[PDB]
Each structure stands twice: as C-alpha cells, then as structure tokens.
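> Next comes the structure file data.cif, holding mmCIF, C-alpha atoms.
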data_start
#
loop_
_atom_site.label_atom_id
_atom_site.label_comp_id
_atom_site.auth_asym_id
_atom_site.auth_seq_id
_atom_site.Cartn_x
_atom_site.Cartn_y
_atom_site.Cartn_z
CA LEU A 499 -134.17 -106.82 293.61
CA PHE A 500 -130.84 -108.05 295.33
CA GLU A 501 -130.51 -110.64 292.47
CA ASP A 502 -131.26 -107.91 289.82
CA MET A 503 -128.80 -105.53 291.49
CA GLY A 504 -126.20 -108.28 290.97
CA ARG A 505 -127.30 -108.68 287.29
CA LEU A 506 -126.74 -104.90 287.06
CA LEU A 507 -123.30 -105.11 288.80
CA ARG A 508 -122.26 -107.86 286.30
CA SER A 509 -123.57 -105.75 283.43
CA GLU A 510 -121.73 -102.64 284.63
CA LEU A 511 -118.59 -104.82 284.96
CA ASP A 512 -118.85 -106.15 281.33
CA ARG A 513 -119.52 -102.62 280.26
CA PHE A 514 -116.69 -101.19 282.31
CA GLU A 515 -114.16 -103.54 280.79
CA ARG A 516 -115.43 -102.91 277.25
CA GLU A 517 -114.94 -99.11 277.62
CA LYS A 518 -111.49 -99.65 279.05
CA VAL A 519 -110.15 -101.54 275.97
CA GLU A 520 -111.23 -98.78 273.48
CA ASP A 521 -110.12 -95.81 275.71
CA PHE A 522 -106.60 -96.98 276.23
CA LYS A 523 -106.23 -97.92 272.54
CA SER A 524 -107.06 -94.25 271.68
CA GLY A 525 -104.72 -93.34 274.56
CA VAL A 526 -101.82 -95.24 272.86
CA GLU A 527 -102.71 -93.91 269.34
CA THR A 528 -102.67 -90.26 270.53
CA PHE A 529 -99.26 -91.06 272.18
CA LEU A 530 -97.85 -92.60 268.83
CA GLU A 531 -98.72 -89.55 266.78
CA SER A 532 -97.12 -87.32 269.27
CA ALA A 533 -93.92 -89.41 269.89
CA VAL A 534 -93.23 -89.39 266.02
CA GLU A 535 -94.02 -85.68 265.72
CA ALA A 536 -91.55 -84.89 268.58
CA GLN A 537 -88.83 -86.93 266.97
CA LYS A 538 -89.58 -85.72 263.40
CA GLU A 539 -89.20 -82.12 264.57
CA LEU A 540 -85.70 -82.92 265.95
CA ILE A 541 -84.80 -84.78 262.67
CA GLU A 542 -85.80 -81.69 260.61
CA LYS A 543 -83.80 -79.52 263.02
CA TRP A 544 -80.72 -81.90 262.91
CA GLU A 545 -80.66 -81.73 259.13
CA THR A 546 -80.93 -77.87 259.17
CA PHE A 547 -77.78 -77.62 261.28
CA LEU A 548 -76.01 -80.60 259.49
CA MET A 549 -76.35 -78.31 256.53
CA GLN A 550 -75.13 -75.63 259.12
CA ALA B 496 -43.15 -60.86 279.04
CA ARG B 497 -45.62 -58.67 277.03
CA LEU B 498 -44.39 -60.37 273.85
CA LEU B 499 -45.17 -63.79 275.36
CA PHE B 500 -48.64 -62.65 276.36
CA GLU B 501 -49.41 -61.78 272.70
CA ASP B 502 -48.21 -65.18 271.27
CA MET B 503 -49.91 -67.10 274.16
CA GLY B 504 -53.04 -65.22 273.22
CA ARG B 505 -52.63 -66.01 269.42
CA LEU B 506 -52.27 -69.60 270.48
CA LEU B 507 -55.32 -69.12 272.65
CA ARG B 508 -57.40 -67.87 269.66
CA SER B 509 -56.27 -70.86 267.65
CA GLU B 510 -57.08 -73.01 270.64
CA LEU B 511 -60.59 -71.53 270.97
CA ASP B 512 -61.15 -71.81 267.33
CA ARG B 513 -60.03 -75.43 267.27
CA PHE B 514 -62.00 -76.19 270.42
CA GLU B 515 -65.34 -75.00 269.07
CA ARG B 516 -64.86 -76.89 265.75
CA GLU B 517 -64.26 -80.09 267.71
CA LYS B 518 -67.36 -79.49 269.94
CA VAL B 519 -69.59 -79.40 266.68
CA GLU B 520 -67.85 -82.58 265.29
CA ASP B 521 -68.46 -84.19 268.69
CA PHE B 522 -72.22 -83.23 268.75
CA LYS B 523 -72.66 -83.92 264.97
CA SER B 524 -71.42 -87.57 265.32
CA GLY B 525 -73.43 -88.03 268.41
CA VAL B 526 -76.47 -86.67 266.61
CA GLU B 527 -75.92 -89.04 263.65
CA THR B 528 -75.64 -92.00 265.98
CA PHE B 529 -78.92 -90.96 267.46
CA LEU B 530 -80.54 -90.14 264.07
CA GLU B 531 -80.03 -93.65 262.79
CA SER B 532 -81.05 -95.48 265.90
CA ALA B 533 -84.07 -93.21 266.51
CA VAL B 534 -85.42 -93.66 262.93
CA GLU B 535 -85.36 -97.45 263.24
CA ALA B 536 -86.71 -97.52 266.86
CA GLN B 537 -89.71 -95.32 265.70
CA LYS B 538 -90.01 -97.15 262.36
CA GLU B 539 -90.43 -100.19 264.53
CA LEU B 540 -93.21 -98.50 266.54
CA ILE B 541 -94.99 -97.65 263.35
CA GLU B 542 -94.66 -101.26 262.17
CA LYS B 543 -96.02 -102.43 265.50
CA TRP B 544 -98.84 -99.99 265.08
CA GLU B 545 -99.73 -101.32 261.63
CA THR B 546 -99.77 -104.92 262.86
CA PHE B 547 -102.07 -103.99 265.76
CA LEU B 548 -104.17 -101.43 263.79
CA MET B 549 -105.10 -104.24 261.37
CA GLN B 550 -105.78 -106.12 264.58
CA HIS C 341 -114.03 -111.47 296.85
CA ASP C 342 -113.11 -112.04 293.10
CA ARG C 343 -114.14 -108.59 292.23
CA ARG C 344 -112.38 -107.16 295.31
CA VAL C 345 -108.99 -108.76 294.40
CA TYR C 346 -109.37 -107.88 290.67
CA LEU C 347 -110.38 -104.26 290.97
CA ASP C 348 -107.91 -103.66 293.92
CA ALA C 349 -105.24 -104.95 291.36
CA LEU C 350 -106.27 -102.32 288.77
CA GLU C 351 -106.32 -99.53 291.27
CA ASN C 352 -102.75 -100.31 292.48
CA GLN C 353 -101.55 -100.31 288.88
CA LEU C 354 -103.41 -97.05 288.23
CA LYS C 355 -101.98 -95.46 291.31
CA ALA C 356 -98.40 -96.62 290.25
CA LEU C 357 -98.97 -95.14 286.64
CA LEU C 358 -100.09 -91.91 288.27
CA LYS C 359 -96.77 -91.34 290.27
CA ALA C 360 -94.90 -92.10 287.11
CA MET C 361 -96.87 -89.35 285.27
CA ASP C 362 -95.93 -86.71 287.96
CA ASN C 363 -92.13 -87.64 287.64
CA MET C 364 -92.25 -87.59 283.82
CA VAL C 365 -93.81 -84.17 283.70
CA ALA C 366 -91.37 -82.88 286.44
CA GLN C 367 -88.23 -84.16 284.63
CA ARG C 368 -88.88 -82.29 281.38
CA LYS C 369 -87.95 -79.13 283.27
CA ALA C 370 -84.24 -79.38 282.83
CA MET C 371 -82.76 -80.50 280.22
CA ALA C 372 -85.33 -78.15 278.57
CA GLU C 373 -84.95 -75.41 281.14
CA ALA C 374 -81.17 -75.88 281.24
CA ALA C 375 -80.91 -75.78 277.37
CA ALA C 376 -82.78 -72.55 277.26
CA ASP C 377 -79.65 -71.06 279.01
CA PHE C 378 -77.20 -73.38 277.20
CA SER C 379 -78.51 -71.55 274.03
CA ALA C 380 -77.83 -68.12 275.49
CA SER C 381 -74.35 -69.23 276.78
CA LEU C 382 -73.27 -70.52 273.41
CA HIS C 383 -74.95 -67.43 271.60
CA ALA C 384 -73.00 -65.07 273.76
CA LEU C 385 -69.51 -66.36 272.57
CA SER C 386 -70.85 -66.33 269.11
CA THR C 387 -70.71 -62.46 269.21
CA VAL C 388 -67.02 -62.87 270.08
CA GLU C 389 -66.17 -65.05 267.02
CA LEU C 390 -66.80 -63.06 263.79
CA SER C 391 -64.71 -65.49 261.56
CA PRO C 392 -67.45 -66.61 259.26
CA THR C 393 -67.27 -70.45 259.36
CA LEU C 394 -66.94 -70.75 263.16
CA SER C 395 -69.32 -67.94 264.01
CA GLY C 396 -71.94 -69.35 261.73
CA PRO C 397 -71.82 -72.92 262.98
CA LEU C 398 -71.62 -71.86 266.62
CA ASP C 399 -74.84 -69.74 266.31
CA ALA C 400 -76.49 -72.89 264.57
CA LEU C 401 -75.38 -75.05 267.50
CA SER C 402 -76.98 -72.44 269.90
CA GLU C 403 -80.14 -72.76 267.90
CA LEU C 404 -79.89 -76.48 268.22
CA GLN C 405 -80.02 -76.21 272.01
CA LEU C 406 -83.16 -74.03 271.83
CA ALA C 407 -84.60 -76.76 269.48
CA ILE C 408 -83.91 -79.42 272.02
CA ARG C 409 -85.45 -77.17 274.70
CA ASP C 410 -88.69 -76.55 272.72
CA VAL C 411 -89.27 -80.24 271.89
CA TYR C 412 -88.28 -81.72 275.23
CA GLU C 413 -90.56 -79.44 277.17
CA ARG C 414 -93.47 -79.80 274.64
CA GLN C 415 -93.46 -83.56 275.36
CA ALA C 416 -94.82 -83.09 279.02
CA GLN C 417 -97.81 -81.64 277.43
CA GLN C 418 -97.94 -83.98 274.40
CA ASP C 419 -97.89 -87.35 275.89
CA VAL C 420 -97.76 -87.37 279.77
CA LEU C 421 -100.73 -85.03 280.10
CA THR C 422 -102.94 -87.17 277.69
CA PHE C 423 -102.27 -90.13 280.02
CA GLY C 424 -102.69 -88.25 283.21
CA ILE C 425 -106.22 -87.25 282.15
CA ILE C 426 -107.29 -90.81 281.24
CA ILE C 427 -105.55 -92.34 284.31
CA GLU C 428 -107.42 -89.85 286.57
CA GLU C 429 -110.74 -90.68 284.73
CA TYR C 430 -110.34 -94.34 285.52
CA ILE C 431 -109.65 -93.89 289.23
CA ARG C 432 -112.80 -91.90 289.66
CA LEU C 433 -114.81 -94.44 287.64
CA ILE C 434 -113.37 -97.20 289.90
CA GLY C 435 -114.43 -95.03 292.91
CA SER C 436 -117.95 -94.67 291.53
CA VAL C 437 -118.43 -98.50 291.02
CA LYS C 438 -117.16 -98.87 294.63
CA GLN C 439 -120.37 -96.98 295.48
CA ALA C 440 -122.50 -99.39 293.22
CA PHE C 441 -120.88 -102.27 295.21
CA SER C 442 -121.81 -100.67 298.44
CA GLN C 443 -125.37 -100.48 297.26
CA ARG C 444 -125.31 -104.24 296.71
CA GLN C 445 -124.02 -104.73 300.31
CA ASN D 331 -51.93 -56.67 266.82
CA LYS D 332 -52.51 -54.68 269.93
CA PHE D 333 -51.94 -55.43 273.54
CA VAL D 334 -55.51 -54.37 274.72
CA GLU D 335 -57.19 -56.68 272.28
CA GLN D 336 -55.13 -59.66 273.52
CA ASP D 337 -56.33 -59.03 277.11
CA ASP D 338 -59.94 -58.37 275.89
CA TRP D 339 -59.91 -61.87 274.23
CA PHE D 340 -58.48 -63.34 277.50
CA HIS D 341 -61.17 -62.03 279.89
CA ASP D 342 -63.84 -63.00 277.38
CA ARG D 343 -62.72 -66.63 277.05
CA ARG D 344 -62.28 -67.07 280.78
CA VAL D 345 -65.73 -65.71 281.66
CA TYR D 346 -67.46 -67.54 278.85
CA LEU D 347 -66.06 -71.00 279.68
CA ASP D 348 -66.67 -70.41 283.38
CA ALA D 349 -70.44 -69.88 282.44
CA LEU D 350 -70.29 -72.89 280.23
CA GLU D 351 -68.63 -75.33 282.72
CA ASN D 352 -71.20 -74.56 285.46
CA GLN D 353 -73.92 -74.92 282.79
CA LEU D 354 -72.65 -78.31 281.66
CA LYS D 355 -72.75 -79.54 285.27
CA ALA D 356 -76.55 -78.68 285.47
CA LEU D 357 -77.30 -80.55 282.06
CA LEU D 358 -75.32 -83.58 283.34
CA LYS D 359 -77.55 -83.80 286.48
CA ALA D 360 -80.53 -83.67 284.26
CA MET D 361 -79.25 -86.79 282.52
CA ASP D 362 -78.78 -88.82 285.71
CA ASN D 363 -82.50 -88.51 286.39
CA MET D 364 -83.44 -89.21 282.86
CA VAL D 365 -81.73 -92.67 282.95
CA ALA D 366 -83.41 -93.33 286.27
CA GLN D 367 -86.87 -92.42 284.90
CA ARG D 368 -86.54 -94.28 281.66
CA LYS D 369 -85.74 -97.35 283.83
CA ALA D 370 -89.01 -97.05 285.64
CA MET D 371 -91.36 -95.51 282.88
CA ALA D 372 -90.77 -98.98 281.57
CA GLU D 373 -91.93 -100.53 284.98
CA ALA D 374 -94.85 -98.08 284.68
CA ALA D 375 -95.65 -99.83 281.35
CA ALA D 376 -95.23 -103.33 282.80
CA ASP D 377 -98.09 -102.59 285.17
CA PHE D 378 -100.04 -101.24 282.20
CA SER D 379 -99.56 -104.40 280.21
CA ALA D 380 -100.38 -106.41 283.28
CA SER D 381 -103.79 -104.71 283.76
CA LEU D 382 -104.69 -105.43 280.07
CA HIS D 383 -103.89 -109.07 280.58
CA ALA D 384 -105.53 -109.07 284.02
CA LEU D 385 -108.80 -107.81 282.30
CA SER D 386 -108.63 -110.40 279.40
CA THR D 387 -109.06 -113.00 282.13
CA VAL D 388 -112.33 -111.43 283.45
CA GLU D 389 -113.77 -110.73 279.84
CA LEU D 390 -113.30 -113.10 276.88
CA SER D 391 -115.91 -111.86 274.44
CA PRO D 392 -114.52 -112.58 270.92
CA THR D 393 -114.45 -109.14 269.31
CA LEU D 394 -113.06 -107.39 272.40
CA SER D 395 -110.26 -109.82 273.36
CA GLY D 396 -108.50 -109.73 270.01
CA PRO D 397 -107.72 -106.02 270.09
CA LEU D 398 -106.99 -106.29 273.80
CA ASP D 399 -104.03 -108.63 273.41
CA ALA D 400 -102.74 -106.57 270.45
CA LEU D 401 -102.78 -103.60 272.69
CA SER D 402 -100.91 -105.40 275.46
CA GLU D 403 -98.12 -106.12 272.88
CA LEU D 404 -98.24 -102.52 271.61
CA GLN D 405 -97.73 -101.34 275.09
CA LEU D 406 -94.78 -103.80 275.44
CA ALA D 407 -93.20 -102.15 272.36
CA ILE D 408 -93.65 -98.77 274.10
CA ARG D 409 -92.23 -100.25 277.30
CA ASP D 410 -89.31 -101.40 275.24
CA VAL D 411 -88.81 -97.85 273.51
CA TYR D 412 -88.57 -96.34 276.97
CA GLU D 413 -85.73 -98.79 277.88
CA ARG D 414 -84.13 -98.10 274.43
CA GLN D 415 -84.16 -94.38 274.89
CA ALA D 416 -81.94 -94.37 277.96
CA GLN D 417 -79.14 -95.60 275.64
CA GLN D 418 -80.31 -93.25 272.78
CA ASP D 419 -80.78 -89.66 273.82
CA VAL D 420 -79.70 -89.94 277.62
CA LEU D 421 -76.52 -91.77 277.14
CA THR D 422 -75.45 -89.80 274.01
CA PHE D 423 -75.84 -86.28 275.56
CA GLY D 424 -74.45 -87.37 278.92
CA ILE D 425 -71.18 -88.63 277.36
CA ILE D 426 -70.67 -85.40 275.20
CA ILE D 427 -71.40 -83.09 278.17
CA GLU D 428 -68.79 -84.79 280.30
CA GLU D 429 -66.44 -84.53 277.36
CA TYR D 430 -66.91 -80.73 276.89
CA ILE D 431 -66.01 -80.31 280.65
CA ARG D 432 -62.80 -82.26 280.02
CA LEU D 433 -61.90 -79.85 277.20
CA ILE D 434 -62.81 -76.68 279.33
CA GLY D 435 -61.16 -78.37 282.22
CA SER D 436 -57.82 -78.61 280.25
CA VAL D 437 -58.12 -74.94 279.26
CA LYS D 438 -58.41 -74.08 283.06
CA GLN D 439 -54.87 -75.65 283.55
CA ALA D 440 -53.63 -73.60 280.49
#
Would you write the structure of this file as structure tokens?


Amino acid sequence: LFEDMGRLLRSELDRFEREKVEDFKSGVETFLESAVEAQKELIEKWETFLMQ
Amino acid sequence: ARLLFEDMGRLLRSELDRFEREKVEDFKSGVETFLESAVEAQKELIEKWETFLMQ
Amino acid sequence: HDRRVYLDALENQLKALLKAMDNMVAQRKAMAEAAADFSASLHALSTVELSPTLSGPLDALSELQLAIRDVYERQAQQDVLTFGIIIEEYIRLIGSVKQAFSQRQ
Amino acid sequence: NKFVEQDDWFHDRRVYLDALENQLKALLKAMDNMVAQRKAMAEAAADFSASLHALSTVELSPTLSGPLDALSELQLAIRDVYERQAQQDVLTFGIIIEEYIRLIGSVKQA
C-alpha cells in the first residue's frame, strides 16, 4: 500500500501540473480581454474630448 | 489705484483664459503621445496572443 | 527531497505574487480617488468661465478626469482580482497535497 | 466694467487655484507609487514565468509542454508591458502635473 500511495502521489503530481498549465492560460486570457477593454474605453474617451 | 486694479484684473482674465487653453494643449499632446504608444504596445500583446493561441 | 525543493519553490513564488496583488489593488485608490475630486475642482471653475470655447473644453477636460477615475479604479476589479482568486486557489491546493504527503510519511 | 466684478473674479481665481495646487500635489504622489509598482509587478511576473519553466522541468508530456512554454513567453510580454507602462501613463501624467503647478506657482507670485 506504501508503494501504491507513492504511485498515487506521482499521479496526483502529474495531474496537479496538468491543471496548472490550463488554469493560468485562462488566467492570462481573461487578463488580455480586460487590459484591451480598459485601454479601448480610454481611447474612445480621448477621441470624444479631442473632438472637444 | 482702483484703475490699476481693473486693468490688472483684465490682464488676469486674459491670463486665466490663456492658462486654461495651454493646460488642454499640454494634456492633449500628452494624450496623443500615449495614444500612439499604447495602441502599439497592446497591438503587440494581441500579436503575442495570436502566436501563442495558435500554440 | 525533490518534491520538497520543487513545491517549496512554487509556494514562495505564489506568496510573492500574492503581496503584489494586495499592492496593485491598493494603488488604484488614488489616482482614481484623487481624479474623482480633480473632476469636481476643474468643473467648479468651469461655472466661472461662460465664454463658450473655454468653458466647453474645460468641462470636457473635467469629464476626462472622471473617465480616468472610472477606468483606473475598475482595473482592480478587472484584472488583479481574477489573479488573486486563482493565486489563492493554488496555495490551498498546495496545502492539501502537503496533507497527501504527510499520509505517505 | 464694474469694480465689484473685478474683485469677484479675483477671489474666485485665488480660491480655485489654491484647491487645484493642493490637488495636483496628491495626484503627483499617486504617480511616485505607480512607477514603483510597475517596477515590481514586472518582478511579480518574473516569478510567474519562473514557475512555468520550473514545472516544464518536472513534466515533459508532449501536448502539455508546448502550450506551457508559449505561456511563459506570453507572460514575459505581460512582464514587459508592465515595465513599458511606467514610461507610458505614469511618466506622462507625472510630468504634466508638475507642469500645471509651475503655471499656478507663477500666478501665486503675480
């Protein structure tokens, strides 16, 4: 059972890592969409008052 | 003395009026400098995103 | 020992990203909070000018500061907060597999 | 013109640009931190990149590694945007704020 516990710990590791890659990619993507939307709103505002 | 107060004040109005106009011109150029740099910097993020979206 | 060094390395990184998240949320409050009163300060003197092409721009510039205020503040909530949730999620998960390890001991 | 009106315009300008100067000092302080954080949001993202790389050594599996590096690089672009932005927004506002104080500051001597 100590051997199979270590098979499980390995398995959990390989799993853990796999989750991590996907999670943080979505993390970055949600950031991108937001970063552009913040800046786009200022651009639209800057034109509005360029036109005065 | 009262006469001088009026014309100092007329000057002051012109001064205010000039000052505000400058403060817009100041902010407007600054904004433009930003607008350009910001569009490229973000354009660049989007390009980076495409490269790494297509993996 | 491999695992101990490796997952101690992630935790330190995750702990460092967390104190960044706190600062980044804190330092959206002013300029945003400042510009919310910059707008009223400018708007105020815009009741004093009535000459159409200085009054008009100055009120637009006021409006501009409010714009900067709304966006700057929104960004604590946009971006920082998305990361603070997933950073926190990891540290707990790391905690939990610390228990699994213990079980192996 | 009228003498009252000339004093009315005086007290108004003096009060307004006293509010504004003290205001401008608060927005300037806000900047000083912003440069300081953008400096170290970047370090924040150096750690982040490092963990992705540090995890590509302990997995290797073909269809997980490929995205994982791409993501490290993505992150390095974000790292870089953070550095960039100190000289975009922070530097731009900080210079004009100081400048408006100079102009108010000259009208205090007047």

> Using all atoms listed in the file, determine which residues of chain B fall within 8 Å of chain D; present them as a PDB file with C-alpha atoms, keeping the file's coordinate frame.


ATOM      1  CA  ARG B 497     -45.620 -58.670 277.030  1.00  0.00           C
ATOM      2  CA  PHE B 500     -48.640 -62.650 276.360  1.00  0.00           C
ATOM      3  CA  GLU B 501     -49.410 -61.780 272.700  1.00  0.00           C
ATOM      4  CA  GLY B 504     -53.040 -65.220 273.220  1.00  0.00           C
ATOM      5  CA  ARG B 505     -52.630 -66.010 269.420  1.00  0.00           C
ATOM      6  CA  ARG B 508     -57.400 -67.870 269.660  1.00  0.00           C
ATOM      7  CA  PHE B 514     -62.000 -76.190 270.420  1.00  0.00           C
ATOM      8  CA  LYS B 518     -67.360 -79.490 269.940  1.00  0.00           C
ATOM      9  CA  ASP B 521     -68.460 -84.190 268.690  1.00  0.00           C
ATOM     10  CA  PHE B 522     -72.220 -83.230 268.750  1.00  0.00           C
ATOM     11  CA  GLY B 525     -73.430 -88.030 268.410  1.00  0.00           C
ATOM     12  CA  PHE B 529     -78.920 -90.960 267.460  1.00  0.00           C
ATOM     13  CA  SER B 532     -81.050 -95.480 265.900  1.00  0.00           C
ATOM     14  CA  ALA B 533     -84.070 -93.210 266.510  1.00  0.00           C
ATOM     15  CA  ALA B 536     -86.710 -97.520 266.860  1.00  0.00           C
ATOM     16  CA  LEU B 540     -93.210 -98.500 266.540  1.00  0.00           C
ATOM     17  CA  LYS B 543     -96.020-102.430 265.500  1.00  0.00           C
ATOM     18  CA  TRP B 544     -98.840 -99.990 265.080  1.00  0.00           C
ATOM     19  CA  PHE B 547    -102.070-103.990 265.760  1.00  0.00           C
ATOM     20  CA  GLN B 550    -105.780-106.120 264.580  1.00  0.00           C
TER      21      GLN B 550
END

> Evaluated on this file, the PyMOL selection byres ((chain A) within 9 of (chain C)) picks out some residues - which ones are they, written as a ChimeraX atom specification?

/A:500,503-504,507,510-511,514,518,521-522,525-526,528-530,532-533,536-537,539-540,543-544,546-547,550

> Just how far from atom CA of residue C:413 is atom CA of residue B:527, in Å to one decimal?

22.1 Å

> Take every atom of stretch 341-350 of chain C listed in the file, pad by 4 Å on each side, and give me the axis-aligned box centre and edge lengths in Å, one decimal, as JSON.


{"center_x": -109.7, "center_y": -107.2, "center_z": 292.8, "size_x": 16.9, "size_y": 17.7, "size_z": 16.1}

> Within 12 Å of stretch 350-363 of chain D, counting all atoms listed in the file, which residues qualify if same-chain residues fewer than 5 places away don't, as a ChimeraX atom specification?

/C:363-364,366-385,405,409 /D:343-345,368-371,415-438

> I need the chain B residues near chain C as a VMD selection string; criterion: at most 8 Å, counting only C-alpha atoms.

chain B and resid 512 515 to 516 519

> What separation in Å, quoted to one decimal, exists between atom CA of residue C:353 and atom CA of residue D:377?

5.6 Å

> How about completing stretch 354-374 of chain D with N, CA, C and O atoms and giving it to me as an mmCIF file, in the frame of the given file?


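This is the output file out_15.cif:
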data_model
loop_
_atom_site.group_PDB
_atom_site.id
_atom_site.type_symbol
_atom_site.label_atom_id
_atom_site.label_comp_id
_atom_site.auth_asym_id
_atom_site.auth_seq_id
_atom_site.Cartn_x
_atom_site.Cartn_y
_atom_site.Cartn_z
ATOM 1 N N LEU D 354 -72.862 -76.944 282.030
ATOM 2 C CA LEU D 354 -72.650 -78.310 281.660
ATOM 3 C C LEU D 354 -72.856 -79.273 282.814
ATOM 4 O O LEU D 354 -73.289 -80.394 282.650
ATOM 5 N N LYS D 355 -72.509 -78.816 284.075
ATOM 6 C CA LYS D 355 -72.750 -79.540 285.270
ATOM 7 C C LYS D 355 -74.262 -79.751 285.587
ATOM 8 O O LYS D 355 -74.708 -80.864 285.947
ATOM 9 N N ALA D 356 -75.073 -78.656 285.365
ATOM 10 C CA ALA D 356 -76.550 -78.680 285.470
ATOM 11 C C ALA D 356 -77.165 -79.628 284.461
ATOM 12 O O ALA D 356 -77.950 -80.496 284.791
ATOM 13 N N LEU D 357 -76.757 -79.661 283.113
ATOM 14 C CA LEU D 357 -77.300 -80.550 282.060
ATOM 15 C C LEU D 357 -76.918 -81.965 282.359
ATOM 16 O O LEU D 357 -77.751 -82.820 282.096
ATOM 17 N N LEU D 358 -75.740 -82.302 282.918
ATOM 18 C CA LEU D 358 -75.320 -83.580 283.340
ATOM 19 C C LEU D 358 -76.216 -84.172 284.409
ATOM 20 O O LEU D 358 -76.529 -85.358 284.350
ATOM 21 N N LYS D 359 -76.691 -83.374 285.394
ATOM 22 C CA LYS D 359 -77.550 -83.800 286.480
ATOM 23 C C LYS D 359 -78.903 -84.167 285.996
ATOM 24 O O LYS D 359 -79.499 -85.055 286.667
ATOM 25 N N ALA D 360 -79.325 -83.424 284.961
ATOM 26 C CA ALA D 360 -80.530 -83.670 284.260
ATOM 27 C C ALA D 360 -80.604 -84.988 283.630
ATOM 28 O O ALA D 360 -81.551 -85.730 283.758
ATOM 29 N N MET D 361 -79.427 -85.433 283.038
ATOM 30 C CA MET D 361 -79.250 -86.790 282.520
ATOM 31 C C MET D 361 -79.409 -87.913 283.481
ATOM 32 O O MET D 361 -79.809 -88.986 283.111
ATOM 33 N N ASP D 362 -78.873 -87.788 284.701
ATOM 34 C CA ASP D 362 -78.780 -88.820 285.710
ATOM 35 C C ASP D 362 -80.156 -89.250 286.089
ATOM 36 O O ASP D 362 -80.457 -90.456 286.175
ATOM 37 N N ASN D 363 -81.051 -88.223 286.181
ATOM 38 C CA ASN D 363 -82.500 -88.510 286.390
ATOM 39 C C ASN D 363 -83.212 -89.126 285.275
ATOM 40 O O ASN D 363 -84.225 -89.816 285.494
ATOM 41 N N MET D 364 -82.847 -88.766 284.051
ATOM 42 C CA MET D 364 -83.440 -89.210 282.860
ATOM 43 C C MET D 364 -83.218 -90.679 282.684
ATOM 44 O O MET D 364 -84.110 -91.262 282.060
ATOM 45 N N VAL D 365 -82.038 -91.198 283.038
ATOM 46 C CA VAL D 365 -81.730 -92.670 282.950
ATOM 47 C C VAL D 365 -82.600 -93.436 283.936
ATOM 48 O O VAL D 365 -83.366 -94.337 283.548
ATOM 49 N N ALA D 366 -82.633 -92.856 285.145
ATOM 50 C CA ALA D 366 -83.410 -93.330 286.270
ATOM 51 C C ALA D 366 -84.894 -93.412 286.017
ATOM 52 O O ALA D 366 -85.482 -94.388 286.470
ATOM 53 N N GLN D 367 -85.525 -92.391 285.307
ATOM 54 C CA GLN D 367 -86.870 -92.420 284.900
ATOM 55 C C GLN D 367 -87.124 -93.293 283.777
ATOM 56 O O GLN D 367 -88.080 -94.033 283.894
ATOM 57 N N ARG D 368 -86.285 -93.378 282.735
ATOM 58 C CA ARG D 368 -86.540 -94.280 281.660
ATOM 59 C C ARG D 368 -86.552 -95.742 282.060
ATOM 60 O O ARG D 368 -87.305 -96.602 281.599
ATOM 61 N N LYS D 369 -85.720 -96.055 283.048
ATOM 62 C CA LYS D 369 -85.740 -97.350 283.830
ATOM 63 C C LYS D 369 -87.060 -97.762 284.420
ATOM 64 O O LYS D 369 -87.216 -98.978 284.639
ATOM 65 N N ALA D 370 -88.017 -96.814 284.687
ATOM 66 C CA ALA D 370 -89.010 -97.050 285.640
ATOM 67 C C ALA D 370 -90.265 -96.517 285.005
ATOM 68 O O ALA D 370 -91.391 -96.733 285.443
ATOM 69 N N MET D 371 -90.275 -95.738 283.874
ATOM 70 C CA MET D 371 -91.360 -95.510 282.880
ATOM 71 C C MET D 371 -91.750 -96.845 282.220
ATOM 72 O O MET D 371 -92.882 -97.146 281.852
ATOM 73 N N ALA D 372 -90.684 -97.640 282.022
ATOM 74 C CA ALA D 372 -90.770 -98.980 281.570
ATOM 75 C C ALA D 372 -91.536 -99.806 282.575
ATOM 76 O O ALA D 372 -92.359 -100.559 282.153
ATOM 77 N N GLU D 373 -91.229 -99.772 283.911
ATOM 78 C CA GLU D 373 -91.930 -100.530 284.980
ATOM 79 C C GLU D 373 -93.388 -100.077 285.027
ATOM 80 O O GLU D 373 -94.284 -100.821 285.319
ATOM 81 N N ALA D 374 -93.631 -98.756 284.766
ATOM 82 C CA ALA D 374 -94.850 -98.080 284.680
ATOM 83 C C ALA D 374 -95.707 -98.852 283.592
ATOM 84 O O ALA D 374 -96.897 -98.992 283.675
#
